[PDB]
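Asks: Chains as they are written, first to last, in the authors' numbering: chain L, 1 to 27, 27A, 28 to 112; chain B, 1 to 212; chain H, 1 to 52, 52A, 53 to 82, 82A to 82C, 83 to 100, 100A to 100J, 101 to 113; chain A, 1 to 52, 52A, 53 to 82, 82A to 82C, 83 to 100, 100A to 100E, 101 to 126, 131 to 150, 152 to 212.
Each residue gets a CB set at the ideal place from its N, CA and C atoms; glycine is no exception.
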Amino acid sequence: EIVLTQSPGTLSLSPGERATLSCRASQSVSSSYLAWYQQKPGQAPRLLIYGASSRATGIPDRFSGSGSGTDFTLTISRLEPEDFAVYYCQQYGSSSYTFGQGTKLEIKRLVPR
Amino acid sequence: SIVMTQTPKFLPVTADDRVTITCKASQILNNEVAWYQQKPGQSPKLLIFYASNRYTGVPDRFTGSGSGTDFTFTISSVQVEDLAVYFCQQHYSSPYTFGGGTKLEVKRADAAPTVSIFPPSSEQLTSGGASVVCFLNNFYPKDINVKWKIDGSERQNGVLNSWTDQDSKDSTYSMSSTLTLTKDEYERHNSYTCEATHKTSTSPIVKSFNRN
Amino acid sequence: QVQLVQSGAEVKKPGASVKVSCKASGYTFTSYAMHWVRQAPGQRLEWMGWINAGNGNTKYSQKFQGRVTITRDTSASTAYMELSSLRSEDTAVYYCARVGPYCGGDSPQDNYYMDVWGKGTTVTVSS
Amino acid sequence: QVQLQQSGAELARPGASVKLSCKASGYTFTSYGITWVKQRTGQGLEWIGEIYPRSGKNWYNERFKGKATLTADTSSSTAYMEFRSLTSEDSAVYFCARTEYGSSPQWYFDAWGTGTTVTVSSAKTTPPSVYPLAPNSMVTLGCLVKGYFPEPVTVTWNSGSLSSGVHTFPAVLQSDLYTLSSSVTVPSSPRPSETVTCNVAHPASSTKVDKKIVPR
Ligand SMILES: [Cl-]
Ligand SMILES: [Cl-]
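1) Taking 7 Å as the cut-off, does the CB of residue 140 (chain A) come closer than this to any heavy atom belonging to ligand 2?
2) When DSSP labels each residue in this structure, what does residue 199 (chain A) get in the three-state scheme?
3) Find the residues of chain H that neighbour residue 44 (chain L), judging by a C-beta separation of less than 9 Å, and give them in chain order.
4) Who are the Cβ neighbours of residue 177 (chain A) in its own chain at under 8 Å, not counting the five residues just before and after it?
5) For residue 17 (chain L) and residue 70 (chain L), I'd like the C-alpha separation in whole angstroms.
6) Here's the rule I'm using: 16 or more other beta-carbon atoms within 10 Å means buried, otherwise exposed. How should residue 109 (chain L) be labelled?
7) Compare the Cα-Cα distances from residue 154 (chain B) to each of B:164, B:191, B:169 and B:187 and report the closest residue.
8) Please decide whether residue 26 (chain B) counts as near chain H, where near means a Cβ-Cβ distance under 8 Å.
9) Report the residue from H:55, H:9 and H:50 whose alpha carbon sits nearest the alpha carbon of residue 106 (chain H).
10) What I want to know is whether the C-beta of residue 108 (chain A) ends up closer than 7 Å to one or more non-hydrogen atoms of ligand 2.
11) As a quick check of your reading: which residues have a C-beta less than 6 Å from at least one non-hydrogen atom of ligand 1, in chain order?
12) Let me know if residue 132 (chain A) comes out buried or exposed under the rule of 16 or more other beta-carbons within 10 Å of its beta-carbon.
13) Assign residue 42 (chain B) to buried or exposed, taking buried as 16 or more other Cβ atoms, counted over all protein chains shown, within 10 Å of its Cβ.
14) Is residue 149 (chain A) near ligand 2, with its Cβ less than 7 Å from a heavy atom?
15) What are the boundary residues of the beta strand (DSSP E) that residue 100A (chain A) is part of?
16) So residue 93 (chain B) contacts chain H; which residues on that side make the cut at Cβ distance below 9 Å?
17) Would you check if the distance between the CB atom of residue 37 (chain B) and the CB atom of residue 45 (chain B) is smaller than 8 Å?
18) Counting only Cβ pairs nearer than 7 Å, list the residues of chain H close to residue 52 (chain B).
19) Is residue 74 (chain L) helix, strand or coil by DSSP?
20) Along the chain, where does the alpha helix (DSSP H) that runs through residue 183 (chain B) open and close?
21) Please compile the residues from chain A whose C-beta is within a distance smaller than 9 Å of the C-beta of residue 33 (chain H).
22) Nearest CA to the CA of residue 243 (chain B): which residue from B:181, B:197, B:137 and B:35?
23) Among L:23, L:12 and L:14, which one has its Cα closest to the Cα of residue 4 (chain L)?
24) Let me check understanding here. Comparing Cα to Cα, which of A:180, A:150 and A:90 lies closest to residue 205 (chain A)?
25) Less than 8 Å between the beta carbons of residue 110 (chain A) and residue 87 (chain A), yes or no?
26) So which of H:46, H:97 and H:19 has the shortest CA-CA distance to residue 38 (chain H)?
27) Please name the residue, chosen from H:102, H:49, H:88 and H:19, that lies closest to residue 99 (chain A) on a Cα-to-Cα basis.
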């Protein structure tokens, strides 16, 4: 099977910073068969990127997909509080349809200053 | 190229009759069969798709069913506005192919053809040509045969035929056969005859004229 | 407006079966394929199978072959997913999702992602 | 209201090429496909090919790959089909139709166009020669309209005052020209006493003719 390994498992960041999520495939996958999804707690997943780099309808420009072959990247330009959620990648080629384990994008907790 | 055998090709109906059209495919499909309505001189209209699903606006009397190789299209009670040609189509694999069609007609009592033969006009003979015309008007059913004879000798070449569609009023059919000769050969013979063979008579209806 | 409206939550005992529905509206039901996905408590999204809403052909995951049955009802524009012989591990939220529309690319496989999602059907297998 | 307006009847010489138009309105042109269907007068349909305007991708029937070419202009919402090396076998009515699309092309067509009649011929615009046709209670007369090109002609009787008992037969091809006939049935008292006339017009040649039916 084609296993998708996302990293990091948990990513603690603050609003305004840049988040870089990685999705690594066990085999080479066509860019046109790679999708990203966003799932807030209690809600259902939402299509984010399809075809590795094409934004879904009504997706801000700060979301951008990239990569090919076995290494795909989701980048959030500048984090907004609405962007903290779980993120899954998916390979929807003819073979089968498999998700990654998902990246947990958390709100960084800071020390008082 | 999948073959869609559609039967019957021709179906006489009376108002409120239950029409049933069959369409058999040359290989096993799933359910990718659509049905179309085409009135004379008009464009086709989609009625059924995926074997069973009506399209927007289609009345409930139109239904469809089937799967695999056998598909059926039914009209619960045919209406006058439903008189037309009906096609099945397979949207399973390319190239996509239609059925032969099914033409409806208004059922009617049998009627013999009123036969009329017309010799060449004086005007036409001033051009070195001569056309003998034969009208077979207002008969039912449509099936008919016309035979020409020059001095009793059957004539094949030079005969062109034309058929009308079912008349909207009396629901009859009409035909015209035209034997076209040169003025030279037309004057080499005396009698000209068209014979109409119709199911309403075991012996043909004969009309003739003598050039003299 | 495209909408997938799933049936309500379910609570089943081990060994029973459950059938979830997915009423679709806002598009030509028969012109699209549909996915079924589940997510157990604190676990990944897991693919289960897709069905061609048109002809009815289905493809199932091998982790679920024999237990899952995906069907359609064109007259009702509703998909169904039946899971038999339920066990505790089957406790999850079950989603139906329509695939994306065909852009003029190489093949429809380019748009078999999960475009429009249902809101989820919670199934709990207790006792 | 979905609408596919197709260009006027094309008249081409053998071996020449033609380009048919299909302007779409009433829907989003780039959301569906456009197939083309051939229908020889009096028989079934034949699928030519498909095009998806949003991307230009097209599918063809192997029978028409070399002869037909499908293009589209999303700016004007118009689909085109170019035919080359025309022959008498290509004379027919050609429909464009909108194809249903979802997760993939569905290959059935829910909206059909006007229809473009293609005639492959070397004939020149020729006016008809109108010839009267003369021989109980009823009398049947005729009007022979021979040797005209192209279609159509119009036929009436006594300027339309004779409408019942009238029917005109479809034209047939005779010597690369068209020949038509019209029948009128009147009670035997009206004729030969009261004149009967066939009014024939051939708009293409800008000709009008009124031929009185004279007894022999
Ligand atoms: Cl999309
Ligand atoms: Cl037409």
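Replies: Walking through what the data contain:
1) no
2) helix
3) 37, 39, 45, 91, 93, 100J and 103
4) 124, 137, 138, 139, 140, 164 and 165
5) 22 Å
6) exposed
7) B:191
8) So no, residue 26 (chain B) is outside the interface.
9) H:9
10) yes
11) L:55, L:56, H:96 and H:101
12) By the neighbour-count criterion, in which a residue is buried when 16 or more other Cβ atoms sit within 10 angstroms of its Cβ, residue 132 (chain A) is exposed.
13) exposed
14) no
15) 100A-103
16) Residues of chain H passing the Cβ test: none, with the nearest at roughly 12 Å.
17) yes
18) 73
19) strand
20) 183-186
21) 98, 99 and 100
22) As displayed, chain B neither begins before 1 nor continues past 212, which places residue 243 (chain B) out of reach and without an answer.
23) L:23
24) A:150
25) In contact: residue 110 (chain A) and residue 87 (chain A) (Cβ atoms closer than 8 Å).
26) Of the candidates H:46, H:97 and H:19, the one whose C-alpha sits nearest the C-alpha of residue 38 (chain H) is H:46.
27) H:102
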